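Have a look at coords-v4.cif; it's mmCIF, N, CA and C atoms:
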data_final
loop_
_atom_site.label_atom_id
_atom_site.label_comp_id
_atom_site.auth_asym_id
_atom_site.auth_seq_id
_atom_site.Cartn_x
_atom_site.Cartn_y
_atom_site.Cartn_z
N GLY R 3 73.21 -47.62 -3.30
CA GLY R 3 73.31 -48.51 -2.11
C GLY R 3 74.52 -49.43 -2.26
N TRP R 4 75.22 -49.69 -1.19
CA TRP R 4 76.41 -50.58 -1.27
C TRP R 4 75.94 -52.04 -1.22
N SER R 5 76.32 -52.84 -2.18
CA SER R 5 75.87 -54.27 -2.19
C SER R 5 76.72 -55.10 -1.21
N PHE R 6 76.08 -56.01 -0.51
CA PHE R 6 76.81 -56.88 0.47
C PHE R 6 77.74 -57.86 -0.26
N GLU R 7 77.31 -58.43 -1.35
CA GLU R 7 78.17 -59.42 -2.06
C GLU R 7 79.47 -58.75 -2.50
N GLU R 8 79.48 -57.46 -2.66
CA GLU R 8 80.73 -56.77 -3.07
C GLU R 8 81.76 -56.94 -1.95
N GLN R 9 81.34 -56.84 -0.72
CA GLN R 9 82.30 -57.02 0.40
C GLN R 9 82.71 -58.50 0.44
N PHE R 10 81.79 -59.36 0.09
CA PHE R 10 82.07 -60.82 0.11
C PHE R 10 83.18 -61.18 -0.89
N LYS R 11 83.07 -60.77 -2.12
CA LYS R 11 84.15 -61.11 -3.10
C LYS R 11 85.47 -60.47 -2.64
N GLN R 12 85.41 -59.37 -1.95
CA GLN R 12 86.67 -58.73 -1.48
C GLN R 12 87.39 -59.67 -0.50
N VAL R 13 86.67 -60.50 0.20
CA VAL R 13 87.35 -61.43 1.14
C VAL R 13 88.06 -62.52 0.33
N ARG R 14 87.48 -62.94 -0.77
CA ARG R 14 88.13 -64.00 -1.59
C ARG R 14 89.51 -63.51 -2.05
N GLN R 15 89.62 -62.29 -2.49
CA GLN R 15 90.95 -61.80 -2.93
C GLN R 15 91.92 -61.82 -1.75
N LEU R 16 91.44 -61.68 -0.53
CA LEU R 16 92.39 -61.70 0.63
C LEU R 16 93.08 -63.07 0.66
N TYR R 17 92.33 -64.13 0.60
CA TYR R 17 92.94 -65.49 0.61
C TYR R 17 93.88 -65.64 -0.59
N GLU R 18 93.49 -65.13 -1.72
CA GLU R 18 94.35 -65.25 -2.94
C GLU R 18 95.66 -64.48 -2.75
N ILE R 19 95.79 -63.70 -1.71
CA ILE R 19 97.06 -62.94 -1.52
C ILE R 19 98.25 -63.90 -1.57
N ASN R 20 98.17 -65.02 -0.90
CA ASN R 20 99.30 -65.99 -0.93
C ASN R 20 98.80 -67.33 -0.37
N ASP R 21 99.43 -68.40 -0.74
CA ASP R 21 99.00 -69.74 -0.23
C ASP R 21 99.76 -70.04 1.06
N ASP R 22 100.28 -69.02 1.70
CA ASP R 22 101.05 -69.25 2.96
C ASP R 22 100.11 -69.92 3.99
N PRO R 23 100.50 -71.01 4.64
CA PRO R 23 99.60 -71.64 5.64
C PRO R 23 99.26 -70.67 6.80
N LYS R 24 100.22 -69.91 7.25
CA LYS R 24 99.96 -68.97 8.38
C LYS R 24 98.86 -67.97 8.02
N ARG R 25 98.96 -67.32 6.90
CA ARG R 25 97.92 -66.33 6.51
C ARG R 25 96.58 -67.02 6.28
N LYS R 26 96.58 -68.11 5.57
CA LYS R 26 95.30 -68.83 5.31
C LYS R 26 94.67 -69.26 6.64
N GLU R 27 95.44 -69.88 7.49
CA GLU R 27 94.89 -70.34 8.80
C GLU R 27 94.42 -69.13 9.61
N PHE R 28 95.15 -68.05 9.59
CA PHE R 28 94.73 -66.85 10.36
C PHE R 28 93.36 -66.38 9.86
N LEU R 29 93.21 -66.22 8.58
CA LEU R 29 91.90 -65.74 8.04
C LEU R 29 90.79 -66.72 8.44
N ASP R 30 91.04 -68.00 8.35
CA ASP R 30 89.98 -68.98 8.73
C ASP R 30 89.59 -68.79 10.19
N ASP R 31 90.54 -68.56 11.05
CA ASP R 31 90.22 -68.39 12.50
C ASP R 31 89.56 -67.03 12.76
N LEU R 32 90.16 -65.95 12.33
CA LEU R 32 89.56 -64.60 12.59
C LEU R 32 88.17 -64.49 11.97
N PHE R 33 88.04 -64.72 10.70
CA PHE R 33 86.70 -64.58 10.07
C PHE R 33 85.72 -65.55 10.73
N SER R 34 86.15 -66.74 11.03
CA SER R 34 85.23 -67.73 11.67
C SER R 34 84.69 -67.20 13.01
N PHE R 35 85.53 -66.66 13.85
CA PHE R 35 85.02 -66.17 15.17
C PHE R 35 83.97 -65.08 14.94
N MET R 36 84.30 -64.07 14.19
CA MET R 36 83.32 -62.98 13.91
C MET R 36 82.19 -63.48 13.00
N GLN R 37 82.38 -64.62 12.38
CA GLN R 37 81.33 -65.15 11.45
C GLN R 37 79.99 -65.26 12.18
N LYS R 38 79.97 -65.08 13.48
CA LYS R 38 78.67 -65.18 14.22
C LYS R 38 77.60 -64.39 13.45
N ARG R 39 77.93 -63.22 12.98
CA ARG R 39 76.94 -62.45 12.18
C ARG R 39 76.76 -63.16 10.84
N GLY R 40 77.83 -63.69 10.29
CA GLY R 40 77.75 -64.44 8.99
C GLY R 40 78.37 -63.62 7.85
N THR R 41 78.65 -62.35 8.07
CA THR R 41 79.25 -61.51 6.98
C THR R 41 80.70 -61.13 7.35
N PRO R 42 81.54 -60.83 6.37
CA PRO R 42 82.95 -60.45 6.65
C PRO R 42 83.07 -59.28 7.65
N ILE R 43 84.16 -58.56 7.59
CA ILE R 43 84.37 -57.42 8.52
C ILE R 43 83.41 -56.26 8.17
N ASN R 44 83.81 -55.04 8.41
CA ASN R 44 82.91 -53.89 8.10
C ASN R 44 83.02 -53.55 6.61
N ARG R 45 84.22 -53.40 6.12
CA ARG R 45 84.39 -53.07 4.68
C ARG R 45 85.82 -53.39 4.25
N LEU R 46 86.03 -53.63 2.98
CA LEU R 46 87.41 -53.95 2.48
C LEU R 46 87.69 -53.13 1.22
N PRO R 47 88.05 -51.87 1.35
CA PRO R 47 88.33 -51.04 0.15
C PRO R 47 89.52 -51.58 -0.65
N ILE R 48 89.70 -51.10 -1.86
CA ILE R 48 90.83 -51.58 -2.71
C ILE R 48 91.81 -50.43 -2.93
N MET R 49 93.07 -50.66 -2.68
CA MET R 49 94.09 -49.59 -2.89
C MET R 49 94.74 -49.77 -4.25
N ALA R 50 94.34 -48.96 -5.20
CA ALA R 50 94.93 -49.06 -6.56
C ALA R 50 94.95 -50.52 -7.02
N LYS R 51 96.07 -51.18 -6.86
CA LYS R 51 96.19 -52.61 -7.28
C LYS R 51 96.33 -53.50 -6.05
N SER R 52 96.35 -52.91 -4.88
CA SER R 52 96.49 -53.71 -3.61
C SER R 52 95.18 -53.68 -2.83
N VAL R 53 95.00 -54.64 -1.94
CA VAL R 53 93.75 -54.70 -1.11
C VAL R 53 94.12 -54.40 0.34
N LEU R 54 93.31 -53.66 1.04
CA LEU R 54 93.64 -53.34 2.45
C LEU R 54 93.73 -54.65 3.25
N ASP R 55 94.92 -55.15 3.44
CA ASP R 55 95.10 -56.43 4.18
C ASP R 55 94.83 -56.24 5.68
N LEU R 56 93.81 -56.87 6.19
CA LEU R 56 93.52 -56.76 7.65
C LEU R 56 94.73 -57.27 8.45
N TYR R 57 95.35 -58.31 7.98
CA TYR R 57 96.52 -58.89 8.70
C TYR R 57 97.53 -57.78 9.00
N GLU R 58 97.77 -56.91 8.07
CA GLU R 58 98.77 -55.83 8.30
C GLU R 58 98.36 -54.97 9.50
N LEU R 59 97.11 -54.61 9.60
CA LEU R 59 96.70 -53.76 10.76
C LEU R 59 96.99 -54.52 12.05
N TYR R 60 96.57 -55.75 12.15
CA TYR R 60 96.81 -56.51 13.40
C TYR R 60 98.31 -56.63 13.68
N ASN R 61 99.10 -57.01 12.70
CA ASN R 61 100.56 -57.16 12.96
C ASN R 61 101.13 -55.82 13.45
N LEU R 62 100.72 -54.72 12.87
CA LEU R 62 101.25 -53.40 13.32
C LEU R 62 100.79 -53.12 14.75
N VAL R 63 99.57 -53.44 15.08
CA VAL R 63 99.07 -53.16 16.46
C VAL R 63 99.91 -53.92 17.49
N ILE R 64 100.12 -55.19 17.30
CA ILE R 64 100.94 -55.95 18.27
C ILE R 64 102.37 -55.43 18.23
N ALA R 65 102.86 -55.13 17.06
CA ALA R 65 104.25 -54.61 16.93
C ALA R 65 104.41 -53.35 17.78
N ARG R 66 103.33 -52.77 18.24
CA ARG R 66 103.44 -51.52 19.07
C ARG R 66 103.47 -51.90 20.55
N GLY R 67 102.72 -52.90 20.96
CA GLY R 67 102.73 -53.31 22.40
C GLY R 67 101.32 -53.66 22.86
N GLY R 68 100.34 -53.58 22.00
CA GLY R 68 98.93 -53.92 22.40
C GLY R 68 97.99 -52.79 21.97
N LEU R 69 96.78 -53.12 21.59
CA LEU R 69 95.83 -52.06 21.17
C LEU R 69 95.60 -51.08 22.32
N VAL R 70 95.44 -51.58 23.52
CA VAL R 70 95.21 -50.65 24.67
C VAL R 70 96.41 -49.71 24.79
N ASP R 71 97.60 -50.23 24.62
CA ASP R 71 98.79 -49.35 24.71
C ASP R 71 98.70 -48.29 23.62
N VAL R 72 98.26 -48.67 22.46
CA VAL R 72 98.13 -47.70 21.34
C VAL R 72 97.06 -46.65 21.68
N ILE R 73 95.94 -47.06 22.21
CA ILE R 73 94.86 -46.08 22.54
C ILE R 73 95.32 -45.12 23.64
N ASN R 74 95.75 -45.64 24.75
CA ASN R 74 96.18 -44.75 25.87
C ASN R 74 97.34 -43.86 25.41
N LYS R 75 98.27 -44.40 24.66
CA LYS R 75 99.41 -43.56 24.18
C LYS R 75 99.00 -42.83 22.90
N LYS R 76 97.86 -43.16 22.36
CA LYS R 76 97.40 -42.48 21.11
C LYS R 76 98.46 -42.62 20.02
N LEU R 77 98.93 -43.82 19.79
CA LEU R 77 99.97 -44.03 18.73
C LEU R 77 99.27 -44.33 17.40
N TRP R 78 98.04 -43.92 17.25
CA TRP R 78 97.31 -44.18 15.98
C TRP R 78 98.06 -43.53 14.82
N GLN R 79 98.84 -42.52 15.10
CA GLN R 79 99.58 -41.84 14.00
C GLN R 79 100.51 -42.84 13.31
N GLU R 80 101.14 -43.70 14.07
CA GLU R 80 102.06 -44.70 13.45
C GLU R 80 101.29 -45.59 12.48
N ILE R 81 100.14 -46.09 12.87
CA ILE R 81 99.36 -46.96 11.95
C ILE R 81 98.83 -46.12 10.78
N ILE R 82 98.35 -44.94 11.07
CA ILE R 82 97.83 -44.07 9.98
C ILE R 82 98.97 -43.79 8.99
N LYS R 83 100.16 -43.62 9.49
CA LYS R 83 101.31 -43.33 8.59
C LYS R 83 101.47 -44.50 7.61
N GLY R 84 101.38 -45.72 8.09
CA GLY R 84 101.51 -46.88 7.16
C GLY R 84 100.34 -46.87 6.19
N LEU R 85 99.16 -46.61 6.68
CA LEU R 85 97.95 -46.55 5.81
C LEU R 85 97.86 -45.14 5.23
N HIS R 86 98.89 -44.70 4.55
CA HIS R 86 98.91 -43.32 3.97
C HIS R 86 97.53 -42.90 3.47
N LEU R 87 96.98 -41.87 4.06
CA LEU R 87 95.64 -41.35 3.65
C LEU R 87 95.78 -40.56 2.35
N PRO R 88 94.72 -40.41 1.58
CA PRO R 88 94.80 -39.64 0.31
C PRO R 88 95.31 -38.21 0.57
N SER R 89 94.47 -37.39 1.14
CA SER R 89 94.86 -35.99 1.44
C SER R 89 93.68 -35.27 2.10
N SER R 90 92.75 -36.02 2.66
CA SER R 90 91.57 -35.39 3.34
C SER R 90 91.54 -35.86 4.79
N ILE R 91 92.26 -36.91 5.06
CA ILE R 91 92.33 -37.47 6.43
C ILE R 91 90.95 -37.42 7.10
N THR R 92 89.98 -38.07 6.54
CA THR R 92 88.63 -38.08 7.16
C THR R 92 88.77 -38.70 8.54
N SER R 93 87.77 -39.37 9.02
CA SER R 93 87.88 -40.00 10.35
C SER R 93 88.90 -41.15 10.24
N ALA R 94 90.07 -40.86 9.73
CA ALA R 94 91.10 -41.93 9.57
C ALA R 94 91.34 -42.63 10.92
N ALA R 95 91.77 -41.90 11.92
CA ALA R 95 92.02 -42.53 13.25
C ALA R 95 90.71 -43.13 13.79
N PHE R 96 89.67 -42.35 13.82
CA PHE R 96 88.36 -42.84 14.34
C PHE R 96 87.85 -44.03 13.53
N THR R 97 87.96 -43.97 12.23
CA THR R 97 87.46 -45.11 11.39
C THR R 97 88.23 -46.39 11.70
N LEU R 98 89.51 -46.30 11.90
CA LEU R 98 90.30 -47.54 12.17
C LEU R 98 89.90 -48.17 13.51
N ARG R 99 89.90 -47.40 14.57
CA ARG R 99 89.54 -47.98 15.91
C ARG R 99 88.11 -48.55 15.95
N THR R 100 87.15 -47.91 15.33
CA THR R 100 85.76 -48.44 15.41
C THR R 100 85.64 -49.79 14.69
N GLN R 101 86.11 -49.90 13.48
CA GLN R 101 86.00 -51.21 12.78
C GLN R 101 86.76 -52.27 13.56
N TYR R 102 87.92 -51.93 14.05
CA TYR R 102 88.71 -52.92 14.84
C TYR R 102 87.87 -53.33 16.05
N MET R 103 87.34 -52.36 16.74
CA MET R 103 86.53 -52.65 17.95
C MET R 103 85.31 -53.51 17.61
N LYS R 104 84.70 -53.29 16.48
CA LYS R 104 83.48 -54.05 16.13
C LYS R 104 83.73 -55.57 16.08
N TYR R 105 84.85 -56.03 15.55
CA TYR R 105 85.07 -57.53 15.48
C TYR R 105 86.50 -57.95 15.83
N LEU R 106 87.42 -57.03 16.05
CA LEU R 106 88.84 -57.46 16.35
C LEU R 106 89.20 -57.26 17.83
N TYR R 107 88.41 -56.57 18.61
CA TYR R 107 88.81 -56.42 20.04
C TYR R 107 88.63 -57.74 20.79
N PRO R 108 87.61 -58.53 20.50
CA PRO R 108 87.44 -59.82 21.21
C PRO R 108 88.48 -60.83 20.72
N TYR R 109 88.78 -60.78 19.46
CA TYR R 109 89.77 -61.72 18.87
C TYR R 109 91.15 -61.44 19.46
N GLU R 110 91.57 -60.20 19.47
CA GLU R 110 92.90 -59.86 20.05
C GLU R 110 92.94 -60.33 21.50
N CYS R 111 91.94 -59.98 22.26
CA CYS R 111 91.90 -60.40 23.69
C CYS R 111 91.91 -61.93 23.77
N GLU R 112 91.20 -62.59 22.90
CA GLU R 112 91.16 -64.07 22.96
C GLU R 112 92.54 -64.65 22.65
N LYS R 113 93.22 -64.13 21.66
CA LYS R 113 94.55 -64.68 21.31
C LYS R 113 95.61 -64.37 22.38
N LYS R 114 95.60 -63.18 22.94
CA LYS R 114 96.65 -62.82 23.96
C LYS R 114 96.02 -62.33 25.27
N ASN R 115 94.78 -61.93 25.26
CA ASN R 115 94.17 -61.41 26.52
C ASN R 115 95.10 -60.34 27.09
N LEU R 116 95.40 -59.34 26.30
CA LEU R 116 96.32 -58.26 26.75
C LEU R 116 95.76 -57.57 27.99
N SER R 117 94.48 -57.34 28.02
CA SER R 117 93.88 -56.64 29.19
C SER R 117 92.38 -56.97 29.26
N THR R 118 91.63 -56.28 30.10
CA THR R 118 90.16 -56.58 30.22
C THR R 118 89.36 -55.36 29.74
N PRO R 119 88.16 -55.55 29.23
CA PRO R 119 87.36 -54.38 28.78
C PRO R 119 87.22 -53.34 29.90
N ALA R 120 87.47 -53.75 31.12
CA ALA R 120 87.36 -52.80 32.27
C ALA R 120 88.49 -51.77 32.21
N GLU R 121 89.71 -52.23 32.25
CA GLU R 121 90.86 -51.29 32.20
C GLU R 121 90.86 -50.58 30.84
N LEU R 122 90.29 -51.18 29.84
CA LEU R 122 90.24 -50.52 28.51
C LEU R 122 89.48 -49.21 28.65
N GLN R 123 88.40 -49.23 29.40
CA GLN R 123 87.64 -47.97 29.59
C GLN R 123 88.56 -46.95 30.24
N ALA R 124 89.38 -47.39 31.16
CA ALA R 124 90.32 -46.44 31.80
C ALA R 124 91.21 -45.84 30.71
N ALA R 125 91.63 -46.65 29.76
CA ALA R 125 92.48 -46.12 28.66
C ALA R 125 91.63 -45.20 27.78
N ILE R 126 90.42 -45.60 27.49
CA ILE R 126 89.54 -44.75 26.63
C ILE R 126 89.12 -43.49 27.40
N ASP R 127 88.83 -43.63 28.66
CA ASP R 127 88.40 -42.45 29.46
C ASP R 127 89.50 -41.38 29.45
N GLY R 128 90.74 -41.79 29.57
CA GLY R 128 91.86 -40.80 29.57
C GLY R 128 91.86 -40.02 28.25
N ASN R 129 91.60 -40.68 27.16
CA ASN R 129 91.59 -39.98 25.84
C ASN R 129 90.53 -38.87 25.87
N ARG R 130 89.41 -39.12 26.49
CA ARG R 130 88.34 -38.09 26.55
C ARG R 130 88.65 -37.11 27.69
#

Go through the file and emit its structure as structure tokens.
Amino acid sequence: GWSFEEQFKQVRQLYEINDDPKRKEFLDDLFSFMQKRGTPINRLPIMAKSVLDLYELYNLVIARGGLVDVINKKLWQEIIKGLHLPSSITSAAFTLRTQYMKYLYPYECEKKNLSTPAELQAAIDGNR
């Protein structure tokens, strides 16, 4: 069974990444909003000696033009390329969008309000 405290200590190493005020303040705001449940994100795996920085995923998403733009254009390949998969490419694309949707879709919309969950379905419906 996967222990919950294991995901908890993984969040502490995220803050230890750097004492930069921008990164520290960002984590306090993002985790605090989703803190409604009280637990961190979905999971935080460890890459060799590096930790999967959530900040990197968000910065890459905006660097593209918006999560909805990425879904409708299906530019998940660009983010997957940065997150080099081992060699099995499991639900790599699917795994990224679901965890983001679980606690980062409201946060992204709150910070920029790129679009509404209504038109998002139009973007998701086209993919299907």

Just give me the gap between atom C of residue R:126 and atom C of residue R:74 in Å, one decimal is fine. 8.5 Å

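Shortest separation to residue R:16 among R:32, R:124, R:111, R:56 occurs at residue R:56, atoms counted being only C-alpha atoms.
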
Using all atoms listed in the file, which residues sit within 8 Å of residue R:10 once same-chain residues fewer than 2 positions away are excluded, as a list in words?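 Listing them by chain and then by number gives residues 5, 6, 7, 8, 12, 13, 14, 15, 41, 42, 43 and 46 of chain R.
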
What separation in Å, quoted to one decimal, exists between atom C of residue R:30 and atom N of residue R:109? 12.3 Å

Which residues in chain R does DSSP call helix (DSSP H, G or I)? List them as a VMD selection string. chain R and resid 6 to 18 23 to 36 56 to 66 69 to 75 78 to 84 94 to 105 107 to 114 119 to 129

Select, counting only C-alpha atoms, all protein, DNA and RNA residues no farther than 12 Å from (90.9, -47.5, 13.6) in file coordinates, and express the selection as an MDAnalysis selection string. chainID R and resid 44 56 59:60 62:63 69 72:73 76:82 85 92:107

My list of candidates is R:130, R:29, R:83, R:113. Which is closest to residue R:17 when distances are computed with all atoms listed in the file? R:29

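When atom C of residue R:40 is paired with atom N of residue R:26, their separation reads 18.9 Å.
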
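Minimum distance to residue R:129 across R:55, R:71, R:22, R:31 (counting only C-alpha atoms) occurs at R:71.
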
Using only C-alpha atoms, which residues sit within 9 Å of residue R:47 once same-chain residues fewer than 3 positions away are excluded, as a PDB file with N, CA and C atoms, keeping the file's coordinate frame?
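Result saved to part.pdb:
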ATOM      1  N   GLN R   9      81.340 -56.840  -0.720  1.00  0.00           N
ATOM      2  CA  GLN R   9      82.300 -57.020   0.400  1.00  0.00           C
ATOM      3  C   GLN R   9      82.710 -58.500   0.440  1.00  0.00           C
ATOM      4  N   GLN R  12      85.410 -59.370  -1.950  1.00  0.00           N
ATOM      5  CA  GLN R  12      86.670 -58.730  -1.480  1.00  0.00           C
ATOM      6  C   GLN R  12      87.390 -59.670  -0.500  1.00  0.00           C
ATOM      7  N   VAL R  53      95.000 -54.640  -1.940  1.00  0.00           N
ATOM      8  CA  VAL R  53      93.750 -54.700  -1.110  1.00  0.00           C
ATOM      9  C   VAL R  53      94.120 -54.400   0.340  1.00  0.00           C
ATOM     10  N   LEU R  54      93.310 -53.660   1.040  1.00  0.00           N
ATOM     11  CA  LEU R  54      93.640 -53.340   2.450  1.00  0.00           C
ATOM     12  C   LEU R  54      93.730 -54.650   3.250  1.00  0.00           C
TER      13      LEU R  54
END

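Taking the backbone of this structure through DSSP, the residues of chain R that come out as strand (DSSP E or B) are residues 48, 49, 52 and 53 of chain R.
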
Put the listed atoms of stretch 44-51 of chain R in a box along x, y and z with 6 Å added on every side and give me the centre and edge lengths in Å to one decimal, as AutoDock Vina command-line options.
--center_x 89.6 --center_y -52.0 --center_z 0.6 --size_x 25.4 --size_y 18.1 --size_z 27.7
